[PDB]
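Colleague: Contents are mmCIF, C-alpha atoms and all ligand atoms; file name work.cif:
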```cif
data_target
#
loop_
_atom_site.label_atom_id
_atom_site.label_comp_id
_atom_site.auth_asym_id
_atom_site.auth_seq_id
_atom_site.Cartn_x
_atom_site.Cartn_y
_atom_site.Cartn_z
CA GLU A 1 0.00 0.00 0.00
CA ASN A 2 2.50 2.60 1.22
CA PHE A 3 5.33 0.74 -0.54
CA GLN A 4 6.42 0.34 -4.18
CA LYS A 5 7.43 -3.32 -3.97
CA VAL A 6 10.64 -2.82 -5.95
CA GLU A 7 11.18 -6.56 -6.22
CA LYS A 8 11.01 -9.92 -4.48
CA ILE A 9 14.43 -10.51 -2.98
CA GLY A 10 13.72 -13.99 -1.73
CA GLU A 11 11.63 -16.60 0.03
CA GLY A 12 12.53 -16.42 3.70
CA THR A 13 12.18 -18.99 6.46
CA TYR A 14 9.06 -17.32 7.86
CA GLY A 15 7.80 -15.86 4.57
CA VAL A 16 8.53 -13.83 1.45
CA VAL A 17 10.98 -10.88 1.59
CA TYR A 18 10.57 -7.82 -0.65
CA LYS A 19 12.65 -4.76 -1.39
CA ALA A 20 10.28 -1.82 -1.02
CA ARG A 21 10.41 1.96 -1.16
CA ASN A 22 8.49 3.96 1.44
CA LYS A 23 6.38 6.55 -0.42
CA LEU A 24 6.51 8.79 2.62
CA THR A 25 10.16 8.72 3.63
CA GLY A 26 11.63 7.72 0.25
CA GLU A 27 13.31 5.05 2.37
CA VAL A 28 14.33 1.73 0.75
CA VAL A 29 13.64 -1.18 3.13
CA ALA A 30 13.35 -4.97 3.31
CA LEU A 31 9.77 -6.05 3.97
CA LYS A 32 9.09 -9.52 5.31
CA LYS A 33 5.54 -10.90 5.26
CA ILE A 34 4.83 -13.70 7.76
CA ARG A 35 2.05 -16.32 7.83
CA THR A 36 -4.12 -17.85 9.32
CA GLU A 37 -5.86 -18.31 12.68
CA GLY A 38 -5.52 -14.61 13.50
CA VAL A 39 -2.01 -15.01 14.94
CA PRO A 40 -0.68 -15.29 18.54
CA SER A 41 -0.47 -12.14 20.68
CA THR A 42 2.59 -13.55 22.45
CA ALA A 43 4.77 -13.44 19.32
CA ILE A 44 3.70 -9.87 18.55
CA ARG A 45 4.89 -8.61 21.94
CA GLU A 46 8.07 -10.69 21.79
CA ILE A 47 8.93 -9.56 18.24
CA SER A 48 8.04 -5.97 19.11
CA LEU A 49 10.70 -6.21 21.85
CA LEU A 50 13.25 -6.83 19.09
CA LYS A 51 12.85 -3.31 17.69
CA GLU A 52 14.75 -2.35 20.84
CA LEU A 53 17.76 -4.47 19.89
CA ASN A 54 20.35 -2.17 18.38
CA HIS A 55 23.93 -2.98 17.35
CA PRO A 56 26.03 -2.37 14.26
CA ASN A 57 26.18 -6.12 13.57
CA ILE A 58 22.43 -6.72 13.75
CA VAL A 59 20.05 -5.81 10.90
CA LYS A 60 17.79 -3.11 12.34
CA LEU A 61 14.14 -4.06 12.74
CA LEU A 62 12.38 -0.77 12.00
CA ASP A 63 8.71 -1.63 12.38
CA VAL A 64 6.31 -4.41 13.12
CA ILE A 65 2.99 -4.09 11.27
CA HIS A 66 0.08 -6.24 12.41
CA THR A 67 -2.65 -4.53 10.34
CA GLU A 68 -5.45 -6.33 8.50
CA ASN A 69 -4.70 -9.41 10.63
CA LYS A 70 -1.44 -9.76 8.70
CA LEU A 71 2.15 -9.53 10.01
CA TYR A 72 4.93 -7.58 8.27
CA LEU A 73 8.41 -6.88 9.50
CA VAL A 74 10.20 -3.84 8.14
CA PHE A 75 13.99 -4.10 8.20
CA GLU A 76 16.86 -1.94 7.12
CA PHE A 77 17.91 -2.98 3.59
CA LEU A 78 21.34 -4.43 2.69
CA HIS A 79 22.29 -5.25 -0.88
CA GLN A 80 23.96 -8.63 -0.63
CA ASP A 81 24.04 -11.74 1.54
CA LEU A 82 27.03 -13.92 2.42
CA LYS A 83 25.75 -16.88 0.40
CA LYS A 84 25.81 -14.77 -2.75
CA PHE A 85 29.22 -13.30 -1.87
CA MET A 86 30.77 -16.76 -1.23
CA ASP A 87 29.40 -17.95 -4.58
CA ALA A 88 30.78 -14.84 -6.27
CA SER A 89 34.08 -15.47 -4.49
CA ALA A 90 34.34 -19.22 -5.13
CA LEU A 91 37.05 -18.96 -7.82
CA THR A 92 39.57 -17.02 -5.77
CA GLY A 93 38.25 -17.52 -2.23
CA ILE A 94 37.44 -14.78 0.28
CA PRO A 95 40.74 -13.29 1.51
CA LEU A 96 41.63 -14.42 5.07
CA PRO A 97 41.63 -10.88 6.45
CA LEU A 98 38.03 -10.44 5.25
CA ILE A 99 36.98 -13.85 6.56
CA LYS A 100 38.52 -12.86 9.90
CA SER A 101 36.79 -9.45 9.88
CA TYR A 102 33.41 -11.01 9.11
CA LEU A 103 33.78 -13.70 11.78
CA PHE A 104 34.86 -11.09 14.35
CA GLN A 105 31.87 -8.87 13.51
CA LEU A 106 29.42 -11.80 13.63
CA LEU A 107 30.74 -12.82 17.09
CA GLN A 108 30.26 -9.22 18.29
CA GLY A 109 26.69 -9.41 17.04
CA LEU A 110 26.10 -12.75 18.77
CA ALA A 111 27.75 -11.59 22.00
CA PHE A 112 25.33 -8.67 21.99
CA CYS A 113 22.23 -10.77 21.29
CA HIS A 114 23.26 -13.41 23.78
CA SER A 115 23.91 -10.91 26.57
CA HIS A 116 20.36 -9.65 25.91
CA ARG A 117 18.96 -13.18 26.19
CA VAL A 118 18.15 -13.38 22.48
CA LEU A 119 19.00 -16.47 20.39
CA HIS A 120 19.08 -16.66 16.62
CA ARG A 121 18.89 -20.49 16.24
CA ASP A 122 18.66 -20.25 12.43
CA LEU A 123 22.05 -18.85 11.37
CA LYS A 124 23.11 -19.52 7.76
CA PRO A 125 24.94 -17.61 5.00
CA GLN A 126 21.63 -16.47 3.50
CA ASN A 127 20.75 -14.51 6.64
CA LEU A 128 24.11 -12.78 6.98
CA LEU A 129 23.91 -9.47 5.09
CA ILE A 130 26.86 -7.40 3.87
CA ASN A 131 27.48 -3.88 2.57
CA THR A 132 30.15 -1.96 0.63
CA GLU A 133 31.56 -0.57 3.88
CA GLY A 134 32.93 -3.91 5.06
CA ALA A 135 30.12 -4.53 7.57
CA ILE A 136 28.29 -7.82 8.06
CA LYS A 137 25.00 -8.08 9.97
CA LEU A 138 22.82 -10.85 11.36
CA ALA A 139 19.24 -10.94 9.99
CA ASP A 140 16.05 -12.94 10.09
CA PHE A 141 16.24 -14.29 13.55
CA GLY A 142 12.75 -15.37 13.36
CA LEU A 143 12.58 -15.10 16.19
CA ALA A 144 12.05 -18.82 15.92
CA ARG A 145 11.53 -18.31 19.65
CA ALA A 146 8.66 -15.79 19.34
CA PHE A 147 7.38 -18.04 16.55
CA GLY A 148 7.78 -21.82 16.30
CA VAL A 149 9.30 -24.29 13.86
CA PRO A 150 6.88 -26.28 11.61
CA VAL A 151 7.71 -28.71 8.76
CA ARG A 152 8.55 -26.45 5.79
CA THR A 153 9.78 -22.90 5.17
CA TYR A 154 6.62 -21.19 3.93
CA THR A 155 5.24 -23.09 0.94
CA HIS A 156 7.15 -26.16 -0.30
CA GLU A 157 10.67 -24.86 0.38
CA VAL A 158 13.39 -27.15 1.75
CA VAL A 159 14.89 -26.18 5.11
CA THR A 160 18.68 -26.12 5.25
CA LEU A 161 19.98 -28.39 8.03
CA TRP A 162 23.64 -27.79 7.29
CA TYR A 163 24.16 -25.35 10.20
CA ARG A 164 22.11 -27.18 12.88
CA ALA A 165 23.87 -27.91 16.19
CA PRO A 166 24.03 -31.61 17.22
CA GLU A 167 21.93 -31.08 20.37
CA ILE A 168 19.06 -29.86 18.18
CA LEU A 169 19.38 -32.86 15.86
CA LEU A 170 19.41 -35.23 18.93
CA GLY A 171 16.14 -33.73 20.06
CA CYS A 172 17.13 -31.41 22.92
CA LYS A 173 14.05 -29.38 23.77
CA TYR A 174 15.94 -26.45 25.25
CA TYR A 175 18.31 -24.57 22.92
CA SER A 176 21.05 -22.46 24.40
CA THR A 177 23.24 -19.72 22.95
CA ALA A 178 25.67 -22.51 22.05
CA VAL A 179 23.54 -23.43 19.04
CA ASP A 180 24.47 -20.11 17.38
CA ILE A 181 28.18 -20.61 17.98
CA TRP A 182 27.95 -24.04 16.31
CA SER A 183 26.25 -22.56 13.22
CA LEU A 184 28.78 -19.74 13.00
CA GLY A 185 31.60 -22.30 13.26
CA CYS A 186 30.08 -24.13 10.28
CA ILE A 187 29.93 -20.82 8.35
CA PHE A 188 33.56 -19.99 9.25
CA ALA A 189 34.69 -23.35 7.84
CA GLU A 190 32.65 -22.77 4.70
CA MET A 191 34.22 -19.32 4.05
CA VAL A 192 37.67 -20.92 4.43
CA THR A 193 37.31 -24.09 2.31
CA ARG A 194 34.61 -22.80 -0.07
CA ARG A 195 32.27 -25.73 0.48
CA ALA A 196 29.75 -26.46 3.19
CA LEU A 197 31.23 -28.32 6.11
CA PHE A 198 28.26 -30.63 6.81
CA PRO A 199 25.87 -30.58 3.87
CA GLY A 200 23.27 -33.05 5.17
CA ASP A 201 20.31 -33.87 2.97
CA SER A 202 18.21 -35.23 5.88
CA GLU A 203 18.22 -34.98 9.68
CA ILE A 204 20.04 -38.31 10.06
CA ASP A 205 22.39 -37.63 7.18
CA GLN A 206 23.18 -34.28 8.83
CA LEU A 207 23.88 -36.00 12.11
CA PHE A 208 26.01 -38.76 10.55
CA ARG A 209 28.02 -36.24 8.48
CA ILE A 210 28.90 -34.51 11.76
CA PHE A 211 29.76 -37.85 13.41
CA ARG A 212 31.88 -38.96 10.45
CA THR A 213 33.99 -35.83 10.78
CA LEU A 214 34.11 -35.11 14.51
CA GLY A 215 33.70 -38.71 15.68
CA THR A 216 30.55 -40.27 17.10
CA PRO A 217 30.06 -38.54 20.45
CA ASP A 218 30.13 -40.56 23.68
CA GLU A 219 29.76 -39.93 27.41
CA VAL A 220 33.47 -39.08 27.63
CA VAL A 221 33.37 -36.04 25.32
CA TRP A 222 29.68 -35.25 25.85
CA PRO A 223 28.29 -36.30 29.25
CA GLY A 224 24.56 -36.93 28.94
CA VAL A 225 24.62 -37.53 25.17
CA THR A 226 23.37 -41.14 25.36
CA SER A 227 20.31 -39.91 27.26
CA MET A 228 19.28 -37.41 24.58
CA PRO A 229 15.75 -37.92 23.23
CA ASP A 230 16.73 -39.02 19.70
CA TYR A 231 20.00 -40.73 20.56
CA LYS A 232 20.10 -44.42 19.57
CA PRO A 233 22.72 -46.87 20.81
CA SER A 234 22.68 -48.21 17.27
CA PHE A 235 24.38 -45.08 15.84
CA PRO A 236 27.53 -46.21 14.02
CA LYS A 237 30.73 -45.35 15.85
CA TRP A 238 33.02 -43.26 13.67
CA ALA A 239 36.52 -42.19 14.69
CA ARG A 240 37.19 -38.47 14.81
CA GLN A 241 39.06 -37.15 11.80
CA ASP A 242 42.34 -35.45 12.42
CA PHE A 243 41.32 -31.81 12.45
CA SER A 244 43.91 -30.55 9.88
CA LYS A 245 42.03 -32.45 7.17
CA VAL A 246 38.81 -30.47 7.82
CA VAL A 247 39.59 -26.85 6.94
CA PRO A 248 42.91 -26.80 5.12
CA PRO A 249 44.84 -24.69 4.75
CA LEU A 250 43.62 -22.62 7.75
CA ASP A 251 46.39 -21.84 10.29
CA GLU A 252 46.53 -23.32 13.85
CA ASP A 253 44.98 -20.16 15.40
CA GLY A 254 41.97 -20.55 13.13
CA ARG A 255 41.78 -24.34 13.56
CA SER A 256 41.98 -23.93 17.34
CA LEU A 257 39.12 -21.40 17.36
CA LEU A 258 37.00 -23.54 15.03
CA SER A 259 37.57 -26.61 17.18
CA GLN A 260 36.24 -24.67 20.20
CA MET A 261 33.13 -23.52 18.30
CA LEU A 262 32.50 -27.14 17.24
CA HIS A 263 32.72 -28.89 20.64
CA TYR A 264 29.92 -31.46 20.97
CA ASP A 265 29.00 -30.53 24.56
CA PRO A 266 27.11 -27.21 24.33
CA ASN A 267 28.53 -26.49 27.77
CA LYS A 268 32.13 -26.78 26.57
CA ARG A 269 31.46 -24.88 23.35
CA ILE A 270 33.14 -21.47 23.37
CA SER A 271 31.02 -18.39 24.03
CA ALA A 272 30.89 -15.51 21.56
CA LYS A 273 32.50 -13.26 24.19
CA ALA A 274 35.34 -15.71 24.84
CA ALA A 275 35.78 -16.29 21.12
CA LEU A 276 36.41 -12.55 20.56
CA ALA A 277 39.42 -12.90 22.88
CA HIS A 278 40.92 -15.81 20.93
CA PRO A 279 44.47 -15.20 19.52
CA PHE A 280 43.08 -15.68 15.99
CA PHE A 281 41.77 -12.07 16.26
CA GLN A 282 45.04 -10.45 17.39
CA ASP A 283 45.67 -9.10 13.85
CA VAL A 284 42.02 -8.47 12.84
CA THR A 285 41.30 -5.49 10.56
CA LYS A 286 38.31 -4.28 8.57
CA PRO A 287 38.91 -4.70 4.82
CA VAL A 288 36.59 -3.45 2.06
CA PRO A 289 34.95 -6.24 0.08
CA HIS A 290 34.69 -6.02 -3.68
CA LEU A 291 30.94 -6.07 -4.20
CA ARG A 292 29.27 -6.11 -7.55
CA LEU A 293 25.70 -4.91 -7.12
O1 LIG A 301 15.88 -8.93 7.36
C1 LIG A 301 15.88 -9.83 6.48
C2 LIG A 301 15.29 -11.04 6.95
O2 LIG A 301 14.80 -11.09 8.23
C3 LIG A 301 15.11 -12.25 6.28
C4 LIG A 301 15.47 -12.59 4.98
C5 LIG A 301 16.10 -11.78 4.03
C6 LIG A 301 16.55 -10.44 4.09
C7 LIG A 301 17.15 -9.98 2.88
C8 LIG A 301 17.65 -8.68 2.72
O3 LIG A 301 18.21 -8.33 1.55
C9 LIG A 301 17.58 -7.79 3.80
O4 LIG A 301 18.05 -6.52 3.72
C10 LIG A 301 16.99 -8.21 5.00
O5 LIG A 301 17.00 -7.22 5.92
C11 LIG A 301 16.46 -9.53 5.20
#
```
With the file now loaded, output its structure as C-alpha cells.
Ligand SMILES: O=c1c(O)cccc2cc(O)c(O)c(O)c12

Modeller:
Amino acid sequence: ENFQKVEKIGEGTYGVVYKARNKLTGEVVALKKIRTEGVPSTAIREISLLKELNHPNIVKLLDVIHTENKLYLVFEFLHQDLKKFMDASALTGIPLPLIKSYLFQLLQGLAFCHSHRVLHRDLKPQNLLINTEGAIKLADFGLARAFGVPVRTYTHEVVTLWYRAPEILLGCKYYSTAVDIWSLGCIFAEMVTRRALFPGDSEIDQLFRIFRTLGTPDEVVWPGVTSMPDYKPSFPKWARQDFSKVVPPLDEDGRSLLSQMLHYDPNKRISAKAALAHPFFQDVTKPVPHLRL
C-alpha cells in the first residue's frame, strides 16, 4: 500500500521478503511478510521487543505491522548476503583478512544478542547481510523463539539443516546460545574451504556427516549424550578425523578457534565473548569487500 514493492528478494524462512520503497520517507527497506488463525499475541509482543535491539552487527528491525490481521516486518535494507558473496568469491576464495573481519563482527553481534537473552537459532549464509563498507550483519532471527518451527519454510521450500547444532538434531528441547556458535563455526569453515562443512540432505544424514567428521560422540566427550531424546545406541561409531584435514589450509589459530566452536557438549562450546578474545583475532582489521551490485 505505502510501498512500491521494488522486487522480491527472496523466500525467507518465515515468509517472502521484498525490497520496497516507502512513499513517505523515500526510504528503501526490506519487507518480510509472515504467515491464518488470527495469529498469537505472544509473538507480537516478543517480536516488538526486538525493535529495541540495536547494534552495528544486527540488521535493524524498524517496524512491526500487524494490520489487516497480517504480520509484516520492516527491516533496514542491505544489498547482498554472504551466500551470494561466497558464490561470487568461489574462484579465488574470500581473503583471510576479510573472513577474519566477518567472523569477528558476527561474534560481536552474537555476544550482543546473547547478553540480551536473544538467540538466533537459524544462522546460515543467507541470513548474513553485507554492505560496501565492510560490515556484516545478522538478519532474520525469526525469532524462531517468538514463533515456532513447523515442517517447511513457507510453501514447499526445503529447510537447510547444514548449520544445525548436534543437540538440536538429537532432540534437545531447550536450545542455548551454544547453538548459534555451532552454526557460526560451520559458516567460518565454509568461508575458508569454499564448500559447506556438513551438507546433510536429511536430519540423520546431517547428524552422521557430523559424526563422520568429529567422531561419534560418547559420554566421555559429551556427558549426557546417550540420554538425549533421539539418541540411539545403534548409531555407528566413527573415529574423529584429524582436524587438519577439515579446513585446510587454515592456520593453527583458526583451527583452534574452530575446534572450540564445534565442541559437541554445548557447555564446553566457546562463548561468543570468549571467542572474541581468541588469539586468531590479534591481527584483525576491517577490509573493504569487492561487491558487484
Ligand atoms: O531482514 C531480512 C530477513 O529477516 C530475512 C530474509 C532476508 C533479508 C534480505 C535482505 O536483503 C535484507 O536486507 C533483509 O533485511 C532480510

Colleague: Once you add 8 Å to each side, what are the centre and edge lengths of the axis-aligned box holding all listed atoms of ligand LIG 301 (chain A)? One decimal in Å, as JSON, if you can.

Modeller:
```
{"center_x": 16.5, "center_y": -9.6, "center_z": 4.9, "size_x": 19.4, "size_y": 22.1, "size_z": 22.7}
```

Colleague: Could you produce a table of the residues of chain A lying within 8 Å of ligand LIG 301 (chain A), with the nearest pair of atoms per residue and their separation in Å rounded to one decimal, using only C-alpha atoms and all ligand atoms, ordered by chain and increasing residue number, as a Markdown table?

Modeller:
```
| residue | atom | partner | partner_atom | distance |
| --- | --- | --- | --- | --- |
| A:9 | CA | A:LIG301 | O3 | 6.3 |
| A:10 | CA | A:LIG301 | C5 | 6.6 |
| A:11 | CA | A:LIG301 | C4 | 7.4 |
| A:12 | CA | A:LIG301 | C4 | 5.0 |
| A:13 | CA | A:LIG301 | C4 | 7.3 |
| A:16 | CA | A:LIG301 | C4 | 7.9 |
| A:17 | CA | A:LIG301 | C5 | 5.7 |
| A:18 | CA | A:LIG301 | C7 | 7.8 |
| A:19 | CA | A:LIG301 | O3 | 7.2 |
| A:29 | CA | A:LIG301 | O4 | 7.0 |
| A:30 | CA | A:LIG301 | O4 | 5.0 |
| A:31 | CA | A:LIG301 | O1 | 7.6 |
| A:32 | CA | A:LIG301 | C2 | 6.6 |
| A:59 | CA | A:LIG301 | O5 | 6.0 |
| A:60 | CA | A:LIG301 | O5 | 7.7 |
| A:61 | CA | A:LIG301 | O1 | 7.5 |
| A:73 | CA | A:LIG301 | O2 | 7.8 |
| A:74 | CA | A:LIG301 | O1 | 7.7 |
| A:75 | CA | A:LIG301 | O5 | 4.9 |
| A:76 | CA | A:LIG301 | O5 | 5.4 |
| A:77 | CA | A:LIG301 | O4 | 3.5 |
| A:78 | CA | A:LIG301 | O4 | 4.0 |
| A:79 | CA | A:LIG301 | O3 | 5.7 |
| A:80 | CA | A:LIG301 | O3 | 6.2 |
| A:81 | CA | A:LIG301 | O3 | 6.8 |
| A:126 | CA | A:LIG301 | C5 | 7.3 |
| A:127 | CA | A:LIG301 | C4 | 5.9 |
| A:129 | CA | A:LIG301 | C9 | 6.7 |
| A:139 | CA | A:LIG301 | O1 | 4.7 |
| A:140 | CA | A:LIG301 | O2 | 2.9 |
| A:141 | CA | A:LIG301 | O2 | 6.4 |
| A:142 | CA | A:LIG301 | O2 | 7.0 |
```

Colleague: Can you measure CA of residue 200 in chain A to CA of residue 271 in chain A for me? One decimal in Å is fine.

Modeller: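 One can read the CA of residue 200 in chain A to CA of residue 271 in chain A distance as 25.1 Å.
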
Colleague: Contacts of residue 166 in chain A at 10 Å or less, counting only C-alpha atoms, minus same-chain residues fewer than 4 places along, as a PyMOL selection string?

Modeller: chain A and resi 170-172+179+182+206-208+210-211+217+225+262-266

Colleague: I need the residue nearest residue 138 in chain A from this list: A:98, A:180, A:58, A:110. Use only C-alpha atoms for the distance.

Modeller: A:58

Colleague: Please provide the set of residues having any atom within 12 Å of residue 37 in chain A, restricted to all atoms listed in the file, with same-chain residues fewer than 3 positions apart removed, written as a PyMOL selection string.

Modeller: chain A and resi 40-41+69-70

Colleague: Can you sort out range 236-258 of chain A so it carries N, CA, C and O atoms, written as a short mmCIF file (atom, residue, chain, number, x, y, z; two decimals), in the coordinates of the input?

Modeller:
```cif
data_model
loop_
_atom_site.label_atom_id
_atom_site.label_comp_id
_atom_site.auth_asym_id
_atom_site.auth_seq_id
_atom_site.Cartn_x
_atom_site.Cartn_y
_atom_site.Cartn_z
N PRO A 236 26.17 -45.69 14.27
CA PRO A 236 27.53 -46.21 14.02
C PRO A 236 28.58 -45.43 14.79
O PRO A 236 28.39 -44.24 15.05
N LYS A 237 29.69 -46.08 15.13
CA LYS A 237 30.73 -45.35 15.85
C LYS A 237 31.85 -45.02 14.88
O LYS A 237 32.63 -45.89 14.48
N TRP A 238 31.94 -43.75 14.53
CA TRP A 238 33.02 -43.26 13.67
C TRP A 238 34.13 -42.64 14.49
O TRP A 238 33.87 -41.97 15.51
N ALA A 239 35.37 -42.86 14.06
CA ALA A 239 36.52 -42.19 14.69
C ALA A 239 36.57 -40.74 14.24
O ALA A 239 36.19 -40.41 13.12
N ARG A 240 37.03 -39.88 15.13
CA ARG A 240 37.19 -38.47 14.81
C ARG A 240 38.28 -38.29 13.78
O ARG A 240 39.31 -38.98 13.83
N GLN A 241 38.07 -37.38 12.84
CA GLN A 241 39.06 -37.15 11.80
C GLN A 241 40.07 -36.18 12.34
O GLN A 241 39.71 -35.23 13.03
N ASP A 242 41.34 -36.41 12.01
CA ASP A 242 42.34 -35.45 12.42
C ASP A 242 41.84 -34.11 11.92
O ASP A 242 41.38 -33.99 10.78
N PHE A 243 41.92 -33.10 12.77
CA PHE A 243 41.32 -31.81 12.45
C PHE A 243 41.95 -31.02 11.28
O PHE A 243 41.29 -30.18 10.69
N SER A 244 43.21 -31.29 10.95
CA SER A 244 43.91 -30.55 9.88
C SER A 244 43.41 -30.92 8.47
O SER A 244 43.73 -30.26 7.47
N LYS A 245 42.64 -31.99 8.40
CA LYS A 245 42.03 -32.45 7.17
C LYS A 245 40.73 -31.67 6.87
O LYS A 245 40.28 -31.61 5.72
N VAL A 246 40.14 -31.08 7.91
CA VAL A 246 38.81 -30.47 7.82
C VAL A 246 38.74 -29.08 7.16
O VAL A 246 37.92 -28.85 6.27
N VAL A 247 39.60 -28.16 7.57
CA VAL A 247 39.59 -26.85 6.94
C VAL A 247 40.98 -26.42 6.49
O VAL A 247 41.44 -25.33 6.81
N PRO A 248 41.64 -27.26 5.66
CA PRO A 248 42.91 -26.80 5.12
C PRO A 248 42.63 -25.66 4.16
O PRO A 248 41.56 -25.63 3.57
N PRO A 249 43.62 -24.78 3.95
CA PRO A 249 44.84 -24.69 4.75
C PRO A 249 44.77 -23.61 5.84
O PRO A 249 45.72 -22.84 5.97
N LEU A 250 43.74 -23.62 6.69
CA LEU A 250 43.62 -22.62 7.75
C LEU A 250 44.73 -22.87 8.76
O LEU A 250 45.03 -24.02 9.06
N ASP A 251 45.32 -21.79 9.28
CA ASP A 251 46.39 -21.84 10.29
C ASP A 251 45.94 -22.35 11.67
O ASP A 251 44.74 -22.43 11.95
N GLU A 252 46.89 -22.76 12.52
CA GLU A 252 46.53 -23.32 13.85
C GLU A 252 45.69 -22.38 14.75
O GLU A 252 44.89 -22.85 15.56
N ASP A 253 45.86 -21.06 14.63
CA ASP A 253 44.98 -20.16 15.40
C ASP A 253 43.53 -20.36 14.98
O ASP A 253 42.62 -20.47 15.82
N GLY A 254 43.31 -20.34 13.67
CA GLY A 254 41.97 -20.55 13.13
C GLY A 254 41.42 -21.93 13.44
O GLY A 254 40.26 -22.06 13.84
N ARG A 255 42.23 -22.98 13.25
CA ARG A 255 41.78 -24.34 13.56
C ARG A 255 41.43 -24.48 15.04
O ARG A 255 40.46 -25.14 15.38
N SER A 256 42.23 -23.87 15.91
CA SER A 256 41.98 -23.93 17.34
C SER A 256 40.64 -23.28 17.67
O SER A 256 39.83 -23.86 18.42
N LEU A 257 40.39 -22.10 17.11
CA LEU A 257 39.12 -21.40 17.36
C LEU A 257 37.94 -22.21 16.82
O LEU A 257 36.95 -22.39 17.53
N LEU A 258 38.06 -22.70 15.60
CA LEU A 258 37.00 -23.54 15.03
C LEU A 258 36.73 -24.75 15.90
O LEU A 258 35.57 -25.10 16.18
#
```
